[PDB]
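First up is the structure itself, then whatever we jot down about it.
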Amino acid sequence: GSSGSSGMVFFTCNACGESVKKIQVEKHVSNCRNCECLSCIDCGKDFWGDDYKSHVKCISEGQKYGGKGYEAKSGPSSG
Ligand SMILES: [Zn+2]
Ligand SMILES: [Zn+2]
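Residue numbers for the sequence shown follow PDB author numbering, beginning at 1 and rising by one.
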């Protein structure tokens, strides 16, 4: 990313499939009017609707521990 230095929260548009940053979201949405949910690759979390907003950092998240359980991921939208 053409920026002074690296170190920001990135996201993955589940609408088309592009690497959209936190601040980029605003811009992206402009073109992509199909962005419903977003995911953070930095740590790995799902943010439906306007949830990603709250997500400002990836610290204090016990994600590493766990994960295992079931391979299958795809499922009913209603989660
Ligand atoms: Zn998109
Ligand atoms: Zn994150």
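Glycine included, every Cβ here is placed at the ideal spot set by N, Cα and C.
Quiz item: If you run the structure through DSSP and keep just helix, strand and coil, what is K27?
Solution: Three-state DSSP puts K27 in a helix.
Exercise. Tell me whether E18 counts as near ligand 1, meaning its Cβ is closer than 7 Å to at least one heavy atom of that ligand.
Key: Yes, since a heavy atom of ligand 1 falls inside the 7 Å radius drawn around the Cβ of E18.
Self-check item: Pick from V20, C43, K68 and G69 that is closest to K57, judged by C-alpha positions
Solution: Distance check between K57 and each of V20, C43, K68 and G69 places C43 closest, using alpha-carbon atoms only.
Quiz item: Regarding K45 and ligand 3, is the C-beta to nearest heavy atom distance less than 7 Å?
Solution: The model on display carries ligand 1 and ligand 2 but not ligand 3.
Quiz item: Between the Cα of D50 and the Cα atoms of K22, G7, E18 and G1, which residue gives the shortest distance?
Solution: Of the residues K22, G7, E18 and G1, the one whose Cα lies closest to the Cα of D50 is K22.
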